[PDB]
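Working notes, beginning with the structure itself.
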Amino acid sequence: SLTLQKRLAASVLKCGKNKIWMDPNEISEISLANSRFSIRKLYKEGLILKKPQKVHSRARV
Amino acid sequence: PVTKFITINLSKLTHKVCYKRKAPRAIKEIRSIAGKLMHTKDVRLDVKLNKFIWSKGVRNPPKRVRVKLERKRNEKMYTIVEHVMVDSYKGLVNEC
Amino acid sequence: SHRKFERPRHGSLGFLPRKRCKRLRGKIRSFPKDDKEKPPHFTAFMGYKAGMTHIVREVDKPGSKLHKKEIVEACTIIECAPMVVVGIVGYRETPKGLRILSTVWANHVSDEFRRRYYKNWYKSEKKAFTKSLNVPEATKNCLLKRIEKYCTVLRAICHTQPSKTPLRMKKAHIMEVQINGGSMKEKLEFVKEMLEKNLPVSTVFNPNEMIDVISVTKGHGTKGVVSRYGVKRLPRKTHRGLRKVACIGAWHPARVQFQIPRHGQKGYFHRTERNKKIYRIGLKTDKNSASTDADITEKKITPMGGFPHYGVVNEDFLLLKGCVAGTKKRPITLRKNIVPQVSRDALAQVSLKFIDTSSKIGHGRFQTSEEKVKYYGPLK
RNA sequence: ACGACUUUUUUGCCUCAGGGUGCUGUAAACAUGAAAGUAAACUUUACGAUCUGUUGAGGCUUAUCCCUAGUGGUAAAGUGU
RNA sequence: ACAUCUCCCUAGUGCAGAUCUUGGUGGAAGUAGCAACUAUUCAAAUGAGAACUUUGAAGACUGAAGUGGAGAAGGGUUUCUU
RNA sequence: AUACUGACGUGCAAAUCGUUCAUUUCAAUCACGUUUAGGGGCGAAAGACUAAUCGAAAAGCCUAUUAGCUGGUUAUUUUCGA
RNA sequence: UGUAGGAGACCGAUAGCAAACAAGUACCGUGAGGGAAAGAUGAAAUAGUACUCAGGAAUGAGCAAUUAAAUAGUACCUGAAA
């Protein structure tokens, strides 16, 4: 189902597929999205978020 | 319908199997015990419990889990296993 | 042509086919022969294996290199709850072998006996035995009289009391014990007198006696030929494995000769061990059953922490020299020696000096918990 | 190997827990303790491998260890004669 | 659509086999076998039906000499949406 | 491509896999373009190689080549018969 | 040989032109080249399976229905043997 939207989300953010957070609820509202413009709206709302980097520290070094 | 609190010694049950299947077996064994005990063919294993069992990773599941079993109805009947965090296992027994 | 060098064949032929035993319980193949002059008496006794311990024994034997000193020897422990006799059997000799004439029973039999004649005691209505048991004493006497008149061998039906043990099962072990001794009338008298009462080991054996032991061996399932028969391994380079025999027979005759060993069942075999000396016959009531003249400490036979997979001996027990077939929790059948034994061993008197009761779970440091607590002192 | 066999089905049995027995080797935690020295105050304050004390401790011990009428459990009721 | 034994002309005319040819089909048999490449689990959605569709949560691996980006030859619409 | 005469050997492959091993600034390796063609080419030479085909490639024809040799060589009854 | 006629004591779909069919086609080969398989409902589909019921769907059944005939149902003539 959400394939397309996830691929577009990667492009919109400038970020790897592995880092995209799609809210597990309100999936229908995401499913209706069908354009880069729609992804921008969802991102504005809060329904797609970029995950942080998997944290890594030079401290110990 | 009834509510129980048990402690399952996962270490005894899991004893036989290889590292590769160890954590899977601990999850599988939870499903098995809870169904067998509570008399349902349907056991929902909460994500919190799943997280706790897998927390120390595939080589060694935690030795003991305190699980909470919940009889629910709406075939019809089922049960959910929910996890209880604990300071120490010592001195805890079965309860209802 | 002939093989280049010669060795004995691997493994005895004399136990082939090496298939599984029919029954968990042992069976006497043959009894001692009936010397007329001796009084009536039992020839066999049923027991459970509890484990092994070691013992320390002083040696009389002269002209030996070992001579005077005490020696340390392995020994087995066989718990023996007192047997209960329930029936009398009379056999008669025919050219086509022994045929049973009749059997006479006691006036009661306990639940532990009864359970054996069912598979599903819980599910059953427990209706076995009750109406035969009723029938009046004249009837019993008539059958006894018929037995008395014609029968040539009399055997007694005995059973174990598994509730007087720590073992899981409650279906008793029933086993027949032949009586050897005097006249048929005396033999019959002795069994009648015994009948519904309980029979302890001390009535059947004596200190220092030589005994035959019949037991089913430890199981292993199906094992490879090397393990099962002792065959030397093939060299490493070998293409289709190494742990297997390299020929199973010549071209002629054009069949696999049976004598070549092949893979298969190992263990769960019937075995008769001969000539094991009994070092001590315990007494249930005594607190000092494992004590000696050298030790003088109050203690029971059950070792520290209990026997592995058998726990706590609580009845009477036999401390037997050496080892005897089969596993922990297994029934063992004791049998009298076929011929009375005339060896310098068989005369000998074993004044045992020390019996270990330390742990057999890990390497024991103490003979009792009381010793352990004393050794350390105050703990949390 | 699968069958098969051995068992038990409420004075049982499973289940945890306590005790027993061992196995490992002395947990975390805290100390205006010890510690090679080091540095910086107008004796006191910093860092510190490691060590000692509370500490024969802590952890584990039937899954094919032992004991316990200690806890809570103990369904299906099918099928053949 | 078929005969012709009334007589007789005529022939690519009669098969068990050629490791024959061609087409079909068994026993072997529900068997050999479905083994490389560290390894998955829980919950939700969709649906008649989900171990291997989708989503979340974990746990993992590849580990910049990469299953990452680009490109060449060859392929050729394999692309995308529905 | 040395050794394991290891895995596989009705293969994962009509030469694959694992481990071991030889090779690395030169008589070095690769790409692409280009040159030489069948009693011919090419060969730091094994009769090697020339598209899974080599002590004479592949394709079609002369050609249904030819074979004192092998296999096969089809209804009945009746008569004489080596 | 190309094309047009006319023929037959010729073949009858494993035959006869390789080819009765969308055949020098599909397919294979780097290439020269190699190179197939596969005809038949019924008088009439301007008779090609209506309708109900059980099915998620395929399908099935019917007291329902085209036909002279559907055990002629698009694998459609007949329908042998293994």
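Chains: A, B, ... in order of the structure tokens. Residues: from 1 per chain. Ligands: from 1, in order shown.
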Would you tabulate, counting only C-alpha atoms (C1' of nucleotides), all residues of chain F that have an atom at most 12 Å from an atom of chain C, showing the closest pair of atoms and their distance in Å to one decimal, sorted by chain then ascending number, as CSV?
residue,atom,partner,partner_atom,distance
F:4,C1',C:237,CA,10.0
F:5,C1',C:237,CA,9.7
F:6,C1',C:237,CA,9.1
F:7,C1',C:239,CA,11.0
Take the selection from the previous step and output its residues with N, CA and C atoms (P, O5', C5', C4', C3', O3' and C1' of nucleotides), as a PDB file, in the first residue's frame.
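Wrote it out as result38.pdb, contents follow:
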ATOM      1  P     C F   4      46.891 -33.652  -2.781  1.00  0.00           P
ATOM      2  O5'   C F   4      45.666 -33.336  -1.808  1.00  0.00           O
ATOM      3  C5'   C F   4      45.898 -33.426  -0.376  1.00  0.00           C
ATOM      4  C4'   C F   4      44.742 -32.819   0.438  1.00  0.00           C
ATOM      5  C3'   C F   4      43.351 -33.447   0.312  1.00  0.00           C
ATOM      6  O3'   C F   4      43.199 -34.538   1.243  1.00  0.00           O
ATOM      7  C1'   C F   4      43.220 -31.081   0.173  1.00  0.00           C
ATOM      8  P     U F   5      43.346 -36.054   0.902  1.00  0.00           P
ATOM      9  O5'   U F   5      44.009 -36.081  -0.522  1.00  0.00           O
ATOM     10  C5'   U F   5      43.694 -37.074  -1.496  1.00  0.00           C
ATOM     11  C4'   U F   5      43.086 -36.400  -2.717  1.00  0.00           C
ATOM     12  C3'   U F   5      41.704 -36.942  -3.090  1.00  0.00           C
ATOM     13  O3'   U F   5      40.714 -36.296  -2.276  1.00  0.00           O
ATOM     14  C1'   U F   5      43.144 -36.720  -4.986  1.00  0.00           C
ATOM     15  P     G F   6      39.159 -36.486  -2.427  1.00  0.00           P
ATOM     16  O5'   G F   6      38.572 -35.332  -1.472  1.00  0.00           O
ATOM     17  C5'   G F   6      38.866 -35.400  -0.062  1.00  0.00           C
ATOM     18  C4'   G F   6      38.240 -34.269   0.786  1.00  0.00           C
ATOM     19  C3'   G F   6      36.905 -33.642   0.388  1.00  0.00           C
ATOM     20  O3'   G F   6      35.850 -34.484   0.855  1.00  0.00           O
ATOM     21  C1'   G F   6      38.384 -31.898   0.674  1.00  0.00           C
ATOM     22  P     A F   7      34.801 -35.001  -0.212  1.00  0.00           P
ATOM     23  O5'   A F   7      33.687 -33.861  -0.296  1.00  0.00           O
ATOM     24  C5'   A F   7      33.138 -33.335   0.942  1.00  0.00           C
ATOM     25  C4'   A F   7      32.364 -32.020   0.750  1.00  0.00           C
ATOM     26  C3'   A F   7      31.269 -32.160  -0.313  1.00  0.00           C
ATOM     27  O3'   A F   7      30.063 -32.680   0.314  1.00  0.00           O
ATOM     28  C1'   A F   7      32.584 -30.284  -0.778  1.00  0.00           C
TER      29        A F   7
END
Mind listing as a PDB file with N, CA, C and O atoms (P, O5', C5', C4', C3', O3' and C1' of nucleotides), in the first residue's frame which residues of chain D are within 12 Å of chain C, counting only C-alpha atoms (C1' of nucleotides)?
ATOM      1  P     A D   1      16.078 -44.138  18.285  1.00  0.00           P
ATOM      2  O5'   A D   1      15.475 -43.130  17.196  1.00  0.00           O
ATOM      3  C5'   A D   1      15.605 -41.700  17.351  1.00  0.00           C
ATOM      4  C4'   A D   1      15.231 -40.887  16.089  1.00  0.00           C
ATOM      5  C3'   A D   1      13.711 -40.757  15.879  1.00  0.00           C
ATOM      6  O3'   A D   1      13.233 -39.561  16.542  1.00  0.00           O
ATOM      7  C1'   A D   1      14.707 -41.672  13.929  1.00  0.00           C
ATOM      8  P     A D   4       2.634 -45.324  18.866  1.00  0.00           P
ATOM      9  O5'   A D   4       3.400 -46.516  19.591  1.00  0.00           O
ATOM     10  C5'   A D   4       3.318 -47.858  19.065  1.00  0.00           C
ATOM     11  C4'   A D   4       4.514 -48.728  19.478  1.00  0.00           C
ATOM     12  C3'   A D   4       4.788 -48.864  20.993  1.00  0.00           C
ATOM     13  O3'   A D   4       3.958 -49.874  21.622  1.00  0.00           O
ATOM     14  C1'   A D   4       6.777 -48.305  19.922  1.00  0.00           C
ATOM     15  P     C D   5       3.248 -49.522  23.004  1.00  0.00           P
ATOM     16  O5'   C D   5       4.425 -49.548  24.054  1.00  0.00           O
ATOM     17  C5'   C D   5       5.197 -50.745  24.277  1.00  0.00           C
ATOM     18  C4'   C D   5       6.497 -50.391  25.002  1.00  0.00           C
ATOM     19  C3'   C D   5       6.307 -49.787  26.381  1.00  0.00           C
ATOM     20  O3'   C D   5       6.048 -50.806  27.382  1.00  0.00           O
ATOM     21  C1'   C D   5       7.830 -48.475  25.197  1.00  0.00           C
ATOM     22  P     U D   6       4.832 -50.523  28.363  1.00  0.00           P
ATOM     23  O5'   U D   6       5.494 -49.546  29.424  1.00  0.00           O
ATOM     24  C5'   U D   6       6.787 -49.823  29.990  1.00  0.00           C
ATOM     25  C4'   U D   6       7.335 -48.622  30.761  1.00  0.00           C
ATOM     26  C3'   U D   6       6.410 -47.832  31.693  1.00  0.00           C
ATOM     27  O3'   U D   6       6.279 -48.507  32.963  1.00  0.00           O
ATOM     28  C1'   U D   6       7.721 -46.358  30.389  1.00  0.00           C
ATOM     29  P     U D   7       4.900 -49.107  33.437  1.00  0.00           P
ATOM     30  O5'   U D   7       4.234 -47.975  34.338  1.00  0.00           O
ATOM     31  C5'   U D   7       3.556 -46.849  33.738  1.00  0.00           C
ATOM     32  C4'   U D   7       4.079 -45.502  34.264  1.00  0.00           C
ATOM     33  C3'   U D   7       3.029 -44.498  34.766  1.00  0.00           C
ATOM     34  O3'   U D   7       2.710 -44.759  36.151  1.00  0.00           O
ATOM     35  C1'   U D   7       4.497 -43.433  33.255  1.00  0.00           C
ATOM     36  P     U D   8       1.266 -45.221  36.528  1.00  0.00           P
ATOM     37  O5'   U D   8       0.511 -43.880  36.811  1.00  0.00           O
ATOM     38  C5'   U D   8       0.995 -43.065  37.908  1.00  0.00           C
ATOM     39  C4'   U D   8       0.815 -41.593  37.608  1.00  0.00           C
ATOM     40  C3'   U D   8      -0.613 -41.127  37.443  1.00  0.00           C
ATOM     41  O3'   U D   8      -1.210 -40.916  38.733  1.00  0.00           O
ATOM     42  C1'   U D   8       0.746 -40.212  35.748  1.00  0.00           C
ATOM     43  P     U D   9      -2.591 -41.517  39.084  1.00  0.00           P
ATOM     44  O5'   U D   9      -3.594 -40.467  38.494  1.00  0.00           O
ATOM     45  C5'   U D   9      -3.664 -39.114  38.979  1.00  0.00           C
ATOM     46  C4'   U D   9      -4.231 -38.184  37.890  1.00  0.00           C
ATOM     47  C3'   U D   9      -5.671 -38.391  37.445  1.00  0.00           C
ATOM     48  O3'   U D   9      -6.603 -37.804  38.381  1.00  0.00           O
ATOM     49  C1'   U D   9      -4.258 -37.894  35.558  1.00  0.00           C
ATOM     50  P     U D  10      -7.453 -38.559  39.472  1.00  0.00           P
ATOM     51  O5'   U D  10      -7.229 -37.690  40.792  1.00  0.00           O
ATOM     52  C5'   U D  10      -5.924 -37.688  41.418  1.00  0.00           C
ATOM     53  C4'   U D  10      -5.801 -36.767  42.654  1.00  0.00           C
ATOM     54  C3'   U D  10      -7.004 -36.747  43.621  1.00  0.00           C
ATOM     55  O3'   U D  10      -6.592 -36.521  45.003  1.00  0.00           O
ATOM     56  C1'   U D  10      -6.704 -34.634  42.756  1.00  0.00           C
ATOM     57  P     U D  11      -6.636 -37.780  45.960  1.00  0.00           P
ATOM     58  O5'   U D  11      -5.950 -37.318  47.312  1.00  0.00           O
ATOM     59  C5'   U D  11      -4.736 -36.543  47.383  1.00  0.00           C
ATOM     60  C4'   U D  11      -3.586 -37.234  48.159  1.00  0.00           C
ATOM     61  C3'   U D  11      -2.818 -38.317  47.349  1.00  0.00           C
ATOM     62  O3'   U D  11      -1.637 -37.840  46.677  1.00  0.00           O
ATOM     63  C1'   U D  11      -3.011 -38.867  49.640  1.00  0.00           C
ATOM     64  P     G D  12      -0.479 -37.026  47.351  1.00  0.00           P
ATOM     65  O5'   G D  12       0.779 -37.216  46.398  1.00  0.00           O
ATOM     66  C5'   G D  12       0.733 -36.681  45.063  1.00  0.00           C
ATOM     67  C4'   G D  12       0.370 -37.703  43.979  1.00  0.00           C
ATOM     68  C3'   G D  12       0.876 -37.195  42.633  1.00  0.00           C
ATOM     69  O3'   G D  12       2.159 -37.727  42.274  1.00  0.00           O
ATOM     70  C1'   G D  12      -1.470 -37.418  42.555  1.00  0.00           C
ATOM     71  P     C D  13       3.460 -36.824  42.265  1.00  0.00           P
ATOM     72  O5'   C D  13       3.436 -36.170  40.824  1.00  0.00           O
ATOM     73  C5'   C D  13       3.065 -36.867  39.620  1.00  0.00           C
ATOM     74  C4'   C D  13       2.384 -35.907  38.631  1.00  0.00           C
ATOM     75  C3'   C D  13       2.965 -34.495  38.487  1.00  0.00           C
ATOM     76  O3'   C D  13       4.097 -34.517  37.609  1.00  0.00           O
ATOM     77  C1'   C D  13       0.650 -34.334  38.730  1.00  0.00           C
ATOM     78  P     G D  19      15.419 -19.948  51.303  1.00  0.00           P
ATOM     79  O5'   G D  19      15.674 -21.439  51.764  1.00  0.00           O
ATOM     80  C5'   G D  19      15.524 -21.824  53.148  1.00  0.00           C
ATOM     81  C4'   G D  19      15.296 -23.331  53.247  1.00  0.00           C
ATOM     82  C3'   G D  19      16.456 -24.223  52.841  1.00  0.00           C
ATOM     83  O3'   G D  19      17.512 -24.217  53.829  1.00  0.00           O
ATOM     84  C1'   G D  19      14.480 -25.100  51.982  1.00  0.00           C
ATOM     85  P     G D  20      18.990 -24.202  53.260  1.00  0.00           P
ATOM     86  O5'   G D  20      19.139 -25.663  52.680  1.00  0.00           O
ATOM     87  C5'   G D  20      19.054 -26.793  53.572  1.00  0.00           C
ATOM     88  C4'   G D  20      19.092 -28.107  52.791  1.00  0.00           C
ATOM     89  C3'   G D  20      20.368 -28.357  51.991  1.00  0.00           C
ATOM     90  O3'   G D  20      21.392 -28.850  52.867  1.00  0.00           O
ATOM     91  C1'   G D  20      18.491 -28.879  50.686  1.00  0.00           C
ATOM     92  P     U D  21      22.880 -28.407  52.677  1.00  0.00           P
ATOM     93  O5'   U D  21      23.304 -29.012  51.290  1.00  0.00           O
ATOM     94  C5'   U D  21      23.228 -30.435  51.082  1.00  0.00           C
ATOM     95  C4'   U D  21      23.468 -30.793  49.622  1.00  0.00           C
ATOM     96  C3'   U D  21      24.636 -30.096  48.936  1.00  0.00           C
ATOM     97  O3'   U D  21      25.855 -30.798  49.252  1.00  0.00           O
ATOM     98  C1'   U D  21      22.715 -29.952  47.583  1.00  0.00           C
ATOM     99  P     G D  22      27.237 -30.074  49.355  1.00  0.00           P
ATOM    100  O5'   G D  22      27.909 -30.448  47.978  1.00  0.00           O
ATOM    101  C5'   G D  22      28.649 -29.507  47.169  1.00  0.00           C
ATOM    102  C4'   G D  22      27.985 -29.353  45.804  1.00  0.00           C
ATOM    103  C3'   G D  22      28.589 -28.357  44.818  1.00  0.00           C
ATOM    104  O3'   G D  22      29.645 -28.965  44.051  1.00  0.00           O
ATOM    105  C1'   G D  22      26.216 -28.127  44.915  1.00  0.00           C
ATOM    106  P     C D  23      31.137 -28.493  44.157  1.00  0.00           P
ATOM    107  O5'   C D  23      31.325 -27.482  42.960  1.00  0.00           O
ATOM    108  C5'   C D  23      30.813 -27.772  41.643  1.00  0.00           C
ATOM    109  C4'   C D  23      30.279 -26.529  40.915  1.00  0.00           C
ATOM    110  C3'   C D  23      31.057 -25.228  41.037  1.00  0.00           C
ATOM    111  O3'   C D  23      32.269 -25.264  40.243  1.00  0.00           O
ATOM    112  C1'   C D  23      28.771 -24.757  41.152  1.00  0.00           C
ATOM    113  P     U D  55      28.147  -7.842  55.326  1.00  0.00           P
ATOM    114  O5'   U D  55      29.481  -8.524  54.821  1.00  0.00           O
ATOM    115  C5'   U D  55      29.670  -9.953  54.851  1.00  0.00           C
ATOM    116  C4'   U D  55      30.577 -10.488  53.723  1.00  0.00           C
ATOM    117  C3'   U D  55      32.073 -10.167  53.910  1.00  0.00           C
ATOM    118  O3'   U D  55      32.930 -11.245  53.467  1.00  0.00           O
ATOM    119  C1'   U D  55      31.398  -9.339  51.853  1.00  0.00           C
ATOM    120  P     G D  56      33.535 -12.221  54.523  1.00  0.00           P
ATOM    121  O5'   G D  56      33.249 -13.681  53.978  1.00  0.00           O
ATOM    122  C5'   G D  56      31.886 -14.097  53.671  1.00  0.00           C
ATOM    123  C4'   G D  56      31.722 -15.258  52.655  1.00  0.00           C
ATOM    124  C3'   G D  56      30.705 -16.354  52.992  1.00  0.00           C
ATOM    125  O3'   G D  56      29.378 -15.956  52.614  1.00  0.00           O
ATOM    126  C1'   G D  56      32.686 -17.289  52.079  1.00  0.00           C
ATOM    127  P     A D  57      28.332 -15.350  53.625  1.00  0.00           P
ATOM    128  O5'   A D  57      27.934 -13.995  52.895  1.00  0.00           O
ATOM    129  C5'   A D  57      27.371 -13.945  51.559  1.00  0.00           C
ATOM    130  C4'   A D  57      27.813 -12.677  50.794  1.00  0.00           C
ATOM    131  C3'   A D  57      27.197 -12.456  49.407  1.00  0.00           C
ATOM    132  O3'   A D  57      25.956 -11.736  49.472  1.00  0.00           O
ATOM    133  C1'   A D  57      29.503 -12.247  49.191  1.00  0.00           C
ATOM    134  P     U D  61      18.890 -21.061  37.759  1.00  0.00           P
ATOM    135  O5'   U D  61      19.418 -22.342  38.528  1.00  0.00           O
ATOM    136  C5'   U D  61      20.159 -23.346  37.806  1.00  0.00           C
ATOM    137  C4'   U D  61      20.608 -24.454  38.767  1.00  0.00           C
ATOM    138  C3'   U D  61      19.533 -25.051  39.670  1.00  0.00           C
ATOM    139  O3'   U D  61      18.691 -25.873  38.823  1.00  0.00           O
ATOM    140  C1'   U D  61      21.564 -24.723  40.866  1.00  0.00           C
ATOM    141  P     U D  62      17.233 -25.359  38.428  1.00  0.00           P
ATOM    142  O5'   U D  62      16.274 -26.612  38.714  1.00  0.00           O
ATOM    143  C5'   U D  62      14.962 -26.581  38.056  1.00  0.00           C
ATOM    144  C4'   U D  62      14.695 -27.663  36.961  1.00  0.00           C
ATOM    145  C3'   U D  62      14.238 -29.003  37.625  1.00  0.00           C
ATOM    146  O3'   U D  62      13.306 -29.832  36.905  1.00  0.00           O
ATOM    147  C1'   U D  62      16.230 -29.331  36.486  1.00  0.00           C
ATOM    148  P     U D  64      13.901 -31.981  30.155  1.00  0.00           P
ATOM    149  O5'   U D  64      14.784 -32.805  31.195  1.00  0.00           O
ATOM    150  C5'   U D  64      14.208 -33.270  32.439  1.00  0.00           C
ATOM    151  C4'   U D  64      15.025 -34.372  33.177  1.00  0.00           C
ATOM    152  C3'   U D  64      16.409 -33.880  33.712  1.00  0.00           C
ATOM    153  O3'   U D  64      16.861 -34.442  34.986  1.00  0.00           O
ATOM    154  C1'   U D  64      16.735 -35.611  32.208  1.00  0.00           C
ATOM    155  P     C D  65      15.824 -34.424  36.202  1.00  0.00           P
ATOM    156  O5'   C D  65      16.686 -34.464  37.543  1.00  0.00           O
ATOM    157  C5'   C D  65      17.747 -33.544  37.831  1.00  0.00           C
ATOM    158  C4'   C D  65      18.487 -33.920  39.126  1.00  0.00           C
ATOM    159  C3'   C D  65      17.582 -33.972  40.363  1.00  0.00           C
ATOM    160  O3'   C D  65      16.930 -35.262  40.489  1.00  0.00           O
ATOM    161  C1'   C D  65      19.404 -32.625  40.860  1.00  0.00           C
ATOM    162  P     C D  66      15.443 -35.217  41.044  1.00  0.00           P
ATOM    163  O5'   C D  66      15.659 -34.936  42.593  1.00  0.00           O
ATOM    164  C5'   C D  66      16.317 -35.922  43.398  1.00  0.00           C
ATOM    165  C4'   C D  66      16.384 -35.526  44.873  1.00  0.00           C
ATOM    166  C3'   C D  66      15.119 -35.018  45.551  1.00  0.00           C
ATOM    167  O3'   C D  66      14.365 -36.147  46.048  1.00  0.00           O
ATOM    168  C1'   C D  66      16.868 -33.526  45.994  1.00  0.00           C
ATOM    169  P     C D  67      12.790 -36.045  45.967  1.00  0.00           P
ATOM    170  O5'   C D  67      12.453 -35.125  47.215  1.00  0.00           O
ATOM    171  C5'   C D  67      12.784 -35.616  48.540  1.00  0.00           C
ATOM    172  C4'   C D  67      12.656 -34.524  49.604  1.00  0.00           C
ATOM    173  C3'   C D  67      11.266 -33.910  49.657  1.00  0.00           C
ATOM    174  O3'   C D  67      10.409 -34.796  50.406  1.00  0.00           O
ATOM    175  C1'   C D  67      12.874 -32.208  49.660  1.00  0.00           C
ATOM    176  P     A D  77     -15.813 -31.158  24.726  1.00  0.00           P
ATOM    177  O5'   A D  77     -16.388 -32.525  24.204  1.00  0.00           O
ATOM    178  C5'   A D  77     -15.635 -33.473  23.441  1.00  0.00           C
ATOM    179  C4'   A D  77     -15.519 -34.818  24.187  1.00  0.00           C
ATOM    180  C3'   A D  77     -16.643 -35.214  25.182  1.00  0.00           C
ATOM    181  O3'   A D  77     -17.815 -35.777  24.534  1.00  0.00           O
ATOM    182  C1'   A D  77     -14.482 -35.657  26.112  1.00  0.00           C
TER     183        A D  77
END
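The residue set within 10 Å of range 41-55 of chain A, counting only C-alpha atoms (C1' of nucleotides) and dropping same-chain residues fewer than 5 places from it, reads residues 6, 9, 10, 12, 13, 14, 15, 16, 17, 18, 19, 20, 21, 22, 23, 24, 25, 26, 27, 29, 30, 33, 35 and 36 of chain A.
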Just the number, please: distance in Å from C1' of residue 28 in chain G to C1' of residue 52 in chain F, one decimal.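 These two atoms are separated by 16.4 Å.
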Skipping near chain neighbours, those fewer than 4 positions away, what residues fall within 9 Å of residue 262 in chain C using only C-alpha atoms (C1' of nucleotides), listed as an MDAnalysis selection string? chainID C and resid 224:225 228:229 244:245 248
Selection above as a file: C-alpha atoms, as a compact mmCIF listing (two decimals), in the first residue's frame:
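Written file, selection_9.txt:
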# COMPACT_ATOMS: atom_id res chain seq x y z
CA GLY C 224 26.44 -46.73 15.16
CA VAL C 225 28.34 -49.96 14.53
CA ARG C 228 27.42 -50.85 19.31
CA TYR C 229 30.04 -53.50 18.58
CA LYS C 244 31.42 -47.87 9.55
CA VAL C 245 32.62 -51.39 8.69
CA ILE C 248 29.95 -56.90 5.05
Set the distance at 10 Å and use only C-alpha atoms (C1' of nucleotides): which residues neighbour residue 33 in chain G once local chain neighbours fewer than 2 positions away are removed? I'd like the list as JSON, numbers by chain. {"F": [59, 60], "G": [29, 31, 35]}
Selection from above, N, CA, C and O atoms (P, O5', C5', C4', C3', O3' and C1' of nucleotides), as a PDB file, in the first residue's frame, can you write it?
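To be explicit, this is the file written out as selection-v5.pdb:
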ATOM      1  P     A F  59      28.295 -28.289 -38.076  1.00  0.00           P
ATOM      2  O5'   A F  59      27.697 -27.512 -39.332  1.00  0.00           O
ATOM      3  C5'   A F  59      26.866 -26.342 -39.189  1.00  0.00           C
ATOM      4  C4'   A F  59      26.607 -25.659 -40.544  1.00  0.00           C
ATOM      5  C3'   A F  59      26.247 -26.520 -41.758  1.00  0.00           C
ATOM      6  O3'   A F  59      24.875 -26.947 -41.689  1.00  0.00           O
ATOM      7  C1'   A F  59      27.818 -24.933 -42.421  1.00  0.00           C
ATOM      8  P     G F  60      24.485 -28.449 -41.963  1.00  0.00           P
ATOM      9  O5'   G F  60      24.174 -28.510 -43.529  1.00  0.00           O
ATOM     10  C5'   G F  60      23.241 -27.567 -44.117  1.00  0.00           C
ATOM     11  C4'   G F  60      23.585 -27.255 -45.582  1.00  0.00           C
ATOM     12  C3'   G F  60      23.756 -28.409 -46.602  1.00  0.00           C
ATOM     13  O3'   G F  60      22.501 -28.850 -47.175  1.00  0.00           O
ATOM     14  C1'   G F  60      25.552 -26.930 -46.792  1.00  0.00           C
TER      15        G F  60
ATOM     16  P     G G  29      19.892 -20.132 -29.262  1.00  0.00           P
ATOM     17  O5'   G G  29      20.853 -20.131 -30.520  1.00  0.00           O
ATOM     18  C5'   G G  29      21.795 -21.192 -30.722  1.00  0.00           C
ATOM     19  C4'   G G  29      22.483 -21.083 -32.090  1.00  0.00           C
ATOM     20  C3'   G G  29      23.163 -19.783 -32.472  1.00  0.00           C
ATOM     21  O3'   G G  29      24.370 -19.629 -31.711  1.00  0.00           O
ATOM     22  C1'   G G  29      22.049 -20.683 -34.342  1.00  0.00           C
ATOM     23  P     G G  31      23.037 -15.128 -35.596  1.00  0.00           P
ATOM     24  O5'   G G  31      23.848 -15.429 -36.916  1.00  0.00           O
ATOM     25  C5'   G G  31      24.348 -14.426 -37.820  1.00  0.00           C
ATOM     26  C4'   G G  31      25.461 -15.007 -38.715  1.00  0.00           C
ATOM     27  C3'   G G  31      24.930 -16.058 -39.674  1.00  0.00           C
ATOM     28  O3'   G G  31      24.356 -15.396 -40.819  1.00  0.00           O
ATOM     29  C1'   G G  31      26.922 -16.838 -38.642  1.00  0.00           C
ATOM     30  P     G G  35      16.642 -28.446 -41.799  1.00  0.00           P
ATOM     31  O5'   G G  35      15.501 -27.706 -41.002  1.00  0.00           O
ATOM     32  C5'   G G  35      15.218 -28.119 -39.651  1.00  0.00           C
ATOM     33  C4'   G G  35      14.128 -27.259 -39.023  1.00  0.00           C
ATOM     34  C3'   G G  35      12.858 -27.122 -39.845  1.00  0.00           C
ATOM     35  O3'   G G  35      12.088 -28.336 -39.779  1.00  0.00           O
ATOM     36  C1'   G G  35      13.441 -25.028 -39.028  1.00  0.00           C
TER      37        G G  35
END
Do a neighbour search on residue 55 in chain B at 12 Å with only C-alpha atoms (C1' of nucleotides), toss out local chain neighbours closer than 5 positions, and write the hits as JSON, numbers by chain. {"B": [23, 47, 48, 49, 50, 60, 61, 62, 63], "E": [41, 58, 59]}
